[PDB]
Amino acid sequence: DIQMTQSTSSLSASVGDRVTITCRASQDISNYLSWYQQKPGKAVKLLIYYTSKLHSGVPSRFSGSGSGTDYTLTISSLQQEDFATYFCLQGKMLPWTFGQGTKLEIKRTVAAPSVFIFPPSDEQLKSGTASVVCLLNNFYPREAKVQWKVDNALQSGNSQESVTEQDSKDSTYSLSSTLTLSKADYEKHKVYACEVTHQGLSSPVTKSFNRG
Amino acid sequence: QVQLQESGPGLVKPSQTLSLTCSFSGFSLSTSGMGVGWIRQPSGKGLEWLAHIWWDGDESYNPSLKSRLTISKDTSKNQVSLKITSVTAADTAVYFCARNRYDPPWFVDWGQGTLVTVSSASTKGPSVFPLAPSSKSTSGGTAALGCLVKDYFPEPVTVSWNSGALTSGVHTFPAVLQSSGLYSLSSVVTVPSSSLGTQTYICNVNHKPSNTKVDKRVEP
């Protein structure tokens, strides 16, 4: 059974950078190796086959090298559309096996998020539940801190976060945070605030609303 | 030119048999050297090869799924099927089909995949609520609005804006599993504040597993 390994789990690289992604086989695979690109929400694409042969329609910046056990996928000058998870596959012996994948992120300039707060809709309140939504729009890097404050009291355990995959157009991320509490608990308080901490902000930004 | 599309039941109970189909065009599986394979990907994990079938009917299987896989083909219907017996939560994944010509396989074309959730939990449609744009978002700037798609099972839910006419500035967030065992997600869009206003914004929600459809008008 041939074991395939990719030493880099994930990395960030700037547009124009030379990117090297390695693959190691547990035994000689006699150049029977192919490289695949998995972009978020898109079908997997073949880039390179038989170690170095370029698949039709793939740009020349993608190249493959190697022999025996050690193989490398090179991106000569990284483009913003190149963010994806890259997988190697051996075809030397059954069962066919893949490397664990290398997730490549586009490193771009720091961008502060645009913050928006959404009160629970009147339609939702009619069901005994209240969801307060905080949106962090188009920011970089991915790391962001969201703190929920209810009547100046910091909340814990009653919120859930979701982050989008890197944006194809501007290389940013977006974040949605939902504060969950009963309608009875929602009517007890007045001030609902979302506090955002991010590298792009000189000081944390707070977005709030008054229930009435 | 070549197109491949996977189809499945979406939700299967533990111990039952999972049936998957790969429907294709642009090539024939009767062409000498042709083959079709099945690959799966559990959430946040890598790719795992499952099975393969050649034009001559020769079958190949991954021994990690020992005695549970059956790959078959119907060349006259341009279809390849995969049957997985005695499924468990460990079989919850996106299932992909891919094609190749000659040995070893260079998987030249792949389908978009089909999500399979292995659970005893019942199907439930979501409630859809508007995320109304604020009275003071940015006067003569940018305003944000959206829809909350709450309390559904299983994944996925389809979300579009103005029947696909609005794509720019849209962010449909990956679903979060709540403590109730039901999913919840938000889909947002940033638009100019001057159009709030004069342009209609409708989120089109379609939860195919339950056939629950909701189109919500989002107004200030």
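Residues numbered from 1 in each chain as written, not as in the entry; some residues may be left out. Chains lettered and ligands numbered in written order. Heavy atoms only, no water.

As deposited, the entry is annotated with X-ray crystallography as its determination method and 1.90 Å as its resolution.

(A) Molecular detail of the domain arrangement of chain B. All names here are of chain B. Taken as a whole, chain B is organised into domain 1 (1-120) and domain 2 (121-219). Between domain 1 and domain 2, the residue contacts involve 5 residues of the former and 7 residues of the latter. The largest contributions to the domain 1 side of the interface with domain 2 come from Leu-11, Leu-115 and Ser-120, which together make up 66% of the buried area. Inspection of the region where domain 1 meets domain 2 yields 0 salt bridges. Seen at the junction of domain 1 and domain 2, the total is 1 residue pair in polar contact. (Domains from an automatic or database assignment. Contact = heavy atoms within 4.5 Å. Buried area = accessible area lost by both parts, 1.4 Å probe. Salt bridge = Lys/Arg side-chain N within 4 Å of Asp/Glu carboxyl O. Polar contact = N/O pair within 3.5 Å; in protein donor to acceptor, adjacent residues only side chain to side chain.)

(B) Main features of the nonpolar core. All names here are of chain B. Counting 27 residues, the largest nonpolar core has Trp-38, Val-80, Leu-82 and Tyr-95 as its most contacted members. If you list the elements that add at least two residues to this core, you get β3 (18-25), β4 (34-41), β5 (48-54), β7 (69-74), β8 (79-84), β9 (93-101) and β11 (114-118). Per element, the largest residue contribution to this core is 4 residues, and it comes from β3. (Core = buried A, V, L, I, M, F, W, Y, C linked by side-chain atoms within 4.5 Å. Buried < 20%, exposed > 50% of the residue type's maximum accessible area, 1.4 Å probe, protein only. Helix = DSSP H or I, 4+ residues; strand = E, 2+ residues; numbered from the N terminus.)

(C) Broad picture of the packing of aromatic side chains. According to the stated counting rule, one finds 18 aromatic pairs over all chains in the structure shown. Between the aromatic rings of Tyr-140 of chain A and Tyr-173 of chain A, the centroid separation amounts to 6.2 Å while the plane-to-plane angle is 15°, which identifies the pairing as stacked. On the criterion of sequence distance, the pair formed by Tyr-140 of chain A in the loop between β13 (129-139) and β14 (145-150) and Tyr-173 of chain A in strand β17 (residues 173-182) is long-range, its members being 33 residues apart. A single burial state applies to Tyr-140 of chain A and to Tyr-173 of chain A, both of which are buried. Directly above the ring of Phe-27 of chain B sits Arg-99 of chain B, whose terminal nitrogen or CZ lies 4.7 Å from the centroid. (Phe/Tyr/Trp six-rings, centres within 6.5 Å; stacked < 30°, edge-to-face > 60°. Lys NZ or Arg CZ within 6 Å of the ring centre and 35° of its normal.)

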